[PDB]
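Quick note, the sequences are listed as chains A and B, same order.
With PDB author numbering applied, the first sequence covers -28 to -12, 4 to 308, 321 to 409, 418 to 514, 520 to 1053.
With PDB author numbering applied, the second sequence covers 327 to 358, 362 to 373, 377 to 382, 391 to 410, 412 to 418, 426 to 511, 517 to 588, 593 to 598.
Idealized CB from N, CA, C, for every residue including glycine.
Heads up, the thing below is written out as structure tokens.
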Amino acid sequence: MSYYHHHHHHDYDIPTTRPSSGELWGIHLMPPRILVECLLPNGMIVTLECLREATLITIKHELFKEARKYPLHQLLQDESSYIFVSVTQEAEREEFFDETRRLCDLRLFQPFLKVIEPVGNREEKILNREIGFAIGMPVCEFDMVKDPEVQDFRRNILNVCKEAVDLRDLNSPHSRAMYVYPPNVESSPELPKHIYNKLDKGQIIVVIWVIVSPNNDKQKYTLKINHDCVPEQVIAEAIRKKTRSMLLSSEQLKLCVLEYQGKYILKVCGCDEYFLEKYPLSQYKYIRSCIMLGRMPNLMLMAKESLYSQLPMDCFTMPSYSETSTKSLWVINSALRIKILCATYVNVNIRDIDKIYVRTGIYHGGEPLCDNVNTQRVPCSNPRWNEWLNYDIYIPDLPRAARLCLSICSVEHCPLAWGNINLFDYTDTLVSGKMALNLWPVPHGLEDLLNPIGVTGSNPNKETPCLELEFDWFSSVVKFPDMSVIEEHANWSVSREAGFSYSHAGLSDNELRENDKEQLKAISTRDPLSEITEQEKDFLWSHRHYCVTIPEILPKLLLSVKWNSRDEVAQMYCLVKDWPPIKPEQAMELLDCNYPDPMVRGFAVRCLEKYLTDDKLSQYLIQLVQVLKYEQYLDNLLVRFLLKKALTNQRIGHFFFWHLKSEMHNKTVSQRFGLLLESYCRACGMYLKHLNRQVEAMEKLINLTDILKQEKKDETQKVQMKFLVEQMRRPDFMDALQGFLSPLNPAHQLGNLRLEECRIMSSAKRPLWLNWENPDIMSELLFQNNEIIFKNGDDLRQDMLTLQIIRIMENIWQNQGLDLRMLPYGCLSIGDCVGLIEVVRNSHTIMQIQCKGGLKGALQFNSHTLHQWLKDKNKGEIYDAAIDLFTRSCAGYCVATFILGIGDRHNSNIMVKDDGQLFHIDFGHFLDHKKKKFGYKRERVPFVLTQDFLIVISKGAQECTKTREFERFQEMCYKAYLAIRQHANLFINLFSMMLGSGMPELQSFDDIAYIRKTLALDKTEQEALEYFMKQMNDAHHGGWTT
Amino acid sequence: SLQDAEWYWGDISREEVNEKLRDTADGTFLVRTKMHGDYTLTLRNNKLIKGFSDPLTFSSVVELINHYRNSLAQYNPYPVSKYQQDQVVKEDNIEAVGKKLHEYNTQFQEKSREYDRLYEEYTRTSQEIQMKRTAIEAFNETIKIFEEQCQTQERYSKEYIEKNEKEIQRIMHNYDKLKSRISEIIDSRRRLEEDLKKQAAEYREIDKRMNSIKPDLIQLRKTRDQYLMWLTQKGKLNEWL
Ligand SMILES: CCCC(=O)OC[C@H](COP(=O)(O)O[C@@H]1[C@H](O)[C@H](O)[C@@H](OP(=O)(O)O)[C@H](OP(=O)(O)O)[C@H]1O)OC(=O)CCC
Ligand SMILES: CCCC(=O)OC[C@H](COP(=O)(O)O[C@@H]1[C@H](O)[C@H](O)[C@@H](OP(=O)(O)O)[C@H](OP(=O)(O)O)[C@H]1O)OC(=O)CCC
């Protein structure tokens, strides 16, 4: 299970036993001999002929033997007394302290170096060139940031950093060991019935290995223990097997198990996973894999000191960058004026289009006023308006999270570029004065007029359409009301609402609510996409005080406030205050784009703060990371919660770094997500050094495929390969691609590369199939070798989200009792269309299965050869055994598949493993995003079981539509579709948080809306079952009832 | 009157409705479990209303509609359903209307293909432009360094030439290897710039033909959901797509 390439041992019974930034500007990968101009401190260039791969140690060394031959020598002193400097790619003069870097690894721009003595004495604080290399933009580029919000985020966040660095060093060394090597642990300790059941009433055989002296010598101790006994107990009874001699009294045996006992801790054989705290043994994901797969766990007895040896200190430093009370917003006595002045740089065919006019609105997720335009005046050629816009909404009634949203349009109506501006700045001031906003180009999806789903801020581009605005002036700067000055408003409203007698819509001591209006626990239960009616909104608003009882109703209630009504909003604040904390699977909608208010989102965090575990968090990390775009300012409560988690658990730290860095190139977030990374990298301790090295390889790997794809394709694989190899022999590469942690799962060390096992795959996109040796001493016992694929040219983000949506479905079913076995192989987007794809060993494409066997005269596929091939690889009950898996997984990758409406499952994106497990690869585009052109209704069946697959499901005989094994199946599918249907909210909420991404199959809630048809949410389960069966019955051309 | 009703699109659940409400403006109306109730009005962002309240003098589904097609200011703080008669070029074949569908649908497909070709070139060109902006400055920095150098060359040179004869020569030499090289680099930074502003140009020619070929890709789009709709009002629609 990423542990064993998901490989079931079937006989095993437990009972019966910057881009284009090659090495040099333009160049790519730099030529093998290269001349370097070395500018001296005596003002003389001397040109060294240097090998591509030489270290600045050899170069410094050669240069000062060679100046010896140019005029003015005595005017220089010993090398020892100088450092190399040059202009890098990112155009910043880098001092080169590490003098062991290679001439090819520096990213130089032009091939020249300069000699200086290094002033800046804190040679220490300039190790943070690291921090810059780790993020791919250089820290000093932040000290160049004028804007005061960013420069404030940089200082304020340091709180969190010292919090983490503190909360770690708490019970050193154990607490720092708990930091680096956090127990990998399933969520329920309660096992599920079908798993417990492979255990002869709950007992695992486990093999503990031990190291005494050489020690290239080993010792097995096969314990058989209660399934739920904490690592300590296991180490206890382990050392018991070890010692018991004929010369040891029983009493003095027990004594020795007391002393020795806890000087050791349990490590997983073959990777850097340790079992460092109490958990029932079956809770660690490893054991519970090993059980699932018919495996004997192998643990290794670890000297606890020898571990505390392997980590040393992270050693934090606080970094180098270490008008009165204003006027209450609620005093401003007028509507909102907004003046659109001119616009600069629209590019259109003056003949091809009628006119253009600026379209604006004020929004809060969905607007609070009568949206408005502005006369179609000066079209096209140099376009000015001087209009003020009269928005009907009083200024005291603007929400905190309220926002101007504009766009330039063409008439015939059509949007050209859009922009959204935050009507309040972070310190709480109501925007005034000039703003030159900088618009975004309208995307794929949206063929609407405005864009409130979009991001708030100016697009950074000298060459985009700049539109220039003026917000009203109020002779004092204006701040949004104090958190108290609102709780005084509520109390008023409430004492006011208690003294009327006519009734209207908000037709609200003791209220008449009795029973019948238990339509409230009804609304409650409906999913998010499913809209709230007018009445329902008023209805809810009118029983707001009741809702507290059904607290998970909030996500609706909120939508029911009129957000342009301080009275309503001022009260909705006081409820949020003492609203019951709620379960994460539903506090997480509160962070999607429909809830932009700070108090709301603050609560959503307080909820997480409370419930979400360190494991549920790594399960939903993307959703969390991604959702950040919808936070209004830089320093917000979510950012702060996440960061603290990142710095407390280095395995969340890992995937927090990458997820952020993946989008590093994406203009909408580059700013936000750089600063946050500068934060992580400064406080995560030693790990930063480990990340530099992953980062160091992924670059060499980018710049290698980048040469293969451009000028180098057209030559036969054979030629291309004997280049790829030529190139990884390079010293600089062997070095950079060999001693690091797998970015796919950092517990997996990558040792020496093994080239004969490396190769370019067949795909157009030239993937690199790479293979590393496991340099664990117990390599053997897990996987001696270790391979991953590196693909450059596919937005992986999608494959990644599906694979995350498969992993969730699985846990759901299983972690409930219901055993379908999906194999969501691992996948990591590490850049702009550059990702790592995990390799399932022993899989095959249906195509090959059919191609490995089946007659001579190549005259047409034998529909039985899948079965056959399996029935070769598995004789025995090892047969009955492999079919159950094939049946159990086939049913899974079917429901999931129908639900997420992924790409067609034609005959070579379905794979079969030797133990009989089938799974998908290459999910095209999910959510049937090929109804973009047509797809009206369809609700297509992507996986459709041909005769082929059916034969295998019904062990053999003809007429498979009608056996029992088939019913068994069917009855699996029903159970599995209905199970997902019970959790739909989570699944919508999941895709909802994704809208934030640049993924073009996720543009707007209507994109998500598919799921709500697939899952038949508008109906009763009873009906859904039938809709589902029918749907199967139909692509399957009949026979799917009784 | 209720079946025909013009805006009573029938069974069309929440999603057929919303994807027939996307892109019409204000004024737009149209009517749609029984643990919930009966029919829904869906105006326009989307406003669902379930008489609506106590003053139900009914008298019909339709007697309700023409007082609020005459409105809804007075209970809470435009048919757009026009029976696909308008255009759909009155081609009354059930099949000429159908094959036509395909004819605009390949055309829509054709444009999305030229469109996305363009969306990506822009995004590429943007990034080549910025990469050309911090090159232009990686050049400017390079020269700053060389200037700084070749001056410190003269600071120390005209300070060791109180001299005797050899040296004199072979100092001026490398000093003059240096100032040609300064020119040589400068040769490069105008050149890059001339390609920069060459690209800065053709960048516009993309935003031009994007916002030139967006008008189409909504109209051509629109009339399709117009034609496509006259089929499902009377009549498998897979083949023409
Ligand atoms: C006879 C020589 C044989 C040979 O092996 O030659 C191999 C290498 C040179 O590498 P290349 O891949 O041929 O060069 C790239 C392509 O030709 C591409 O067409 C071009 O585009 P454009 O210039 O048209 O834009 C690239 O420009 P940039 O944008 O990267 O500057 C260019 O760099 O020299 C050596 O390493 C050994 C010689 C010391
Ligand atoms: C810059 C030019 C873009 C381009 O044309 O590039 C051609 C290829 C790279 O593949 P792609 O186009 O990026 O990818 C396309 C999608 O996978 C799509 O799903 C599929 O449609 P379907 O038939 O599966 O539904 C397309 O089929 P055709 O488009 O081949 O018919 C497929 O090509 O490079 C080469 O090797 C060129 C060799 C001449």
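Exercise. Does DSSP put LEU10 of chain A in a helix, in a strand, or in coil?
Worked result: The answer is coil: DSSP assigns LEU10 of chain A none of H, G, I, E or B.
Problem set entry | 3 or more residues per run - each beta strand (DSSP E) lying fully within the segment 73 to 154 of chain A | For the beta strand (DSSP E) assignment, the uninterrupted runs of no fewer than 3 residues enclosed by the segment 73 to 154 of chain A are, from N- to C-terminal side, 79 to 82 and 98 to 102.
Exercise. In whole angstroms, what is the alpha-carbon distance linking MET441 of chain A and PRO609 of chain A?
Worked result: Separation of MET441 of chain A and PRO609 of chain A (C-alpha to C-alpha, rounded to the nearest whole angstrom) is 24 Å.
Exercise. Which bits of chain B does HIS450 of chain A rub up against, with CB to CB less than 9 Å?
Worked result: Within chain B, the residues near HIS450 of chain A are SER460, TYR463, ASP464 and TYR467.
Problem set entry | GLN269 of chain A and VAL171 of chain A closer than 8 Å at C-beta | Contact: yes.
Problem set entry | Quiz: which residues have CB nearer than 5 Å to ligand 1 non-hydrogen atoms | Chain-ordered list of matching residues: A:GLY12, A:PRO17 and A:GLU722.
For this session: Could you name the residues of the same chain whose beta carbon sits closer than 6 Å to that of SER535 of chain A, not counting the 5 residues immediately before and after it, in chain order?
Result: So the qualifying residues of the chain are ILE561 and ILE564.
Exercise. Less than 7 Å between the CB of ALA775 of chain A and some heavy atom of ligand 2, yes or no?
Worked result: Proximity of the beta carbon of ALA775 of chain A to ligand 2 is indicated: a heavy atom of the ligand is located closer than 7 Å.
Exercise. Can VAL650 of chain A and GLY1007 of chain A be called in contact, C-beta distance under 8 Å?
Worked result: No, they are not a contact pair.
Problem set entry | Listed by chain order, chain B residues near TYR947 of chain A by CB distance under 9 Å | Result: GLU342, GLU345, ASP578, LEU581, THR585, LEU594 and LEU598.
Exercise. So which residues on chain B does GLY425 of chain A lean against when the C-beta distance must stay under 8 Å?
Worked result: In chain order: nothing, as chain B lies at least about 15 Å away.
Exercise. Among the residues of its own chain, which have a CB less than 6 Å from the CB of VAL193 of chain A, if the five just before and after it don't count?
Worked result: If we look at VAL193 of chain A and ignore the five residues flanking it on each side, its Cβ neighbours are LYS206, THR208, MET282 and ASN284.
For this session: Give the residues from the segment 22 to 46 of chain A that approach chain B closer than 9 Å (Cβ to any Cβ), ordered along the chain.
Result: For the segment 22 to 46 of chain A, which is checked against every Cβ of chain B, the residues closer than 9 Å are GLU23, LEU25, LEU26, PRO27, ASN28, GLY29, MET30, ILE31, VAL32 and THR33.
Problem set entry | 6 Å Cβ shell around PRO27 of chain A - same chain, five flanking residues per side excluded | In the same chain as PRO27 of chain A, and ignoring 5 residues on each side of it, the C-beta atoms closer than 6 Å to its own belong to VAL101, in chain order.
Exercise. Which first and last residues belong to the beta strand (DSSP E) in which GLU784 of chain A is found?
Worked result: Under the DSSP assignment, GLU784 of chain A falls in the beta strand (DSSP E) whose first and last residues are 779 to 784.
Exercise. How about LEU422 of chain A: is its C-beta nearer than 8 Å to some C-beta of chain B?
Worked result: Chain B contact via Cβ: present.
Exercise. In three-state DSSP terms, what is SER275 of chain A?
Worked result: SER275 of chain A carries a helical assignment under DSSP once its states are collapsed to helix, strand and coil.
Exercise. Just the Cα atoms here: how many angstroms apart are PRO458 of chain A and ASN145 of chain A?
Worked result: Spanning the two alpha carbons is a distance of roughly 33 Å.
Exercise. From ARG555 of chain A to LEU997 of chain A, what distance separates their C-alpha atoms?
Worked result: Their Cα atoms are separated by approximately 24 Å.
Exercise. Would you say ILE351 of chain A reaches chain B, if we count a Cβ-Cβ gap shorter than 8 Å as a contact?
Worked result: At least one CB atom of chain B sits nearer than 8 Å to the CB of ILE351 of chain A.
Exercise. At least one CB of chain A closer than 8 Å to the CB of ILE381 of chain B: is that the case?
Worked result: Closer than 8 Å: yes.
Problem set entry | Identity of the residue in B:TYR368, B:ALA414 and B:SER393 nearest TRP333 of chain B by Cα | Put simply, of B:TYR368, B:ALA414 and B:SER393 the residue whose alpha carbon is nearest the alpha carbon of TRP333 of chain B is B:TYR368.
Problem set entry | the segment 592 to 615 of chain A: positions lying closer than 8 Å to chain B by Cβ | When C-beta distances to chain B are compared with 8 Å, every residue of the segment 592 to 615 of chain A stays at or above that value.
Problem set entry | Inter-residue spacing [alpha-carbon to alpha-carbon] between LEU549 of chain B and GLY8 of chain A | Just so you know, the alpha carbons of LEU549 of chain B and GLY8 of chain A end up roughly 20 Å apart.
Exercise. Of all the alpha helix (DSSP H) runs that stay within the bounds of the segment 1020 to 1051 of chain A, which reach a length of 4 or more residues?
Worked result: Listed in chain order, they are 1022 to 1025 and 1032 to 1046.
For this session: Can you pull the chain A residues whose beta carbon is under 8 Å from the beta carbon of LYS530 of chain B, in chain order?
Result: What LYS530 of chain B touches in chain A: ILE31.
For this session: Pull up the CB-CB distance for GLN661 of chain A and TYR698 of chain A, whole angstroms please, since I reckon it's below 8 Å.
Result: 6 Å between Cβ atoms; contact.
For this session: May I have the straight-line CA-CA distance separating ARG951 of chain A from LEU594 of chain B, to the nearest angstrom?
Result: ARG951 of chain A and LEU594 of chain B have their C-alpha atoms roughly 14 Å apart.
Problem set entry | Other residues of its chain near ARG226 of chain A: CB distance less than 8 Å, five sequence neighbours each side excluded | Apart from the 5 residues on each side of it in sequence, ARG226 of chain A sits with its Cβ closer than 8 Å to the Cβ of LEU239 and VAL243 in its chain, given in chain order.
Exercise. What residues from chain A crowd round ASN517 of chain B, counting only those whose CB sits closer than 9 Å?
Worked result: Chain-ordered listing is empty here: chain A has no CB closer than 9 Å to the CB of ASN517 of chain B, the nearest sitting near 13 Å.
Exercise. So which residues of chain B does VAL736 of chain A contact, with C-beta pairs closer than 7 Å?
Worked result: Near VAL736 of chain A there are no residues of chain B at all, since even the closest Cβ is about 30 Å away, more than 7 Å.
Exercise. What's the gap between the Cα of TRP11 of chain A and the Cα of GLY864 of chain A?
Worked result: Taking the straight line from one Cα to the other gives about 52 Å.
Problem set entry | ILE348 of chain A classed as buried or exposed, judged by whether at least 16 other C-beta atoms fall within 10 angstroms | Here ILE348 of chain A is exposed: its Cβ has fewer than 16 other Cβ atoms, across all protein chains shown, within 10 Å.
Exercise. Roughly how far, in whole angstroms, is the beta-carbon of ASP350 of chain A from the beta-carbon of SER565 of chain B, given that I think they are within contact range, below 8 Å?
Worked result: About 5 Å; that satisfies the 8 Å criterion.
Exercise. Bridge partners of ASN803 of chain A, per DSSP?
Worked result: Its beta-bridge partners are A:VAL845.
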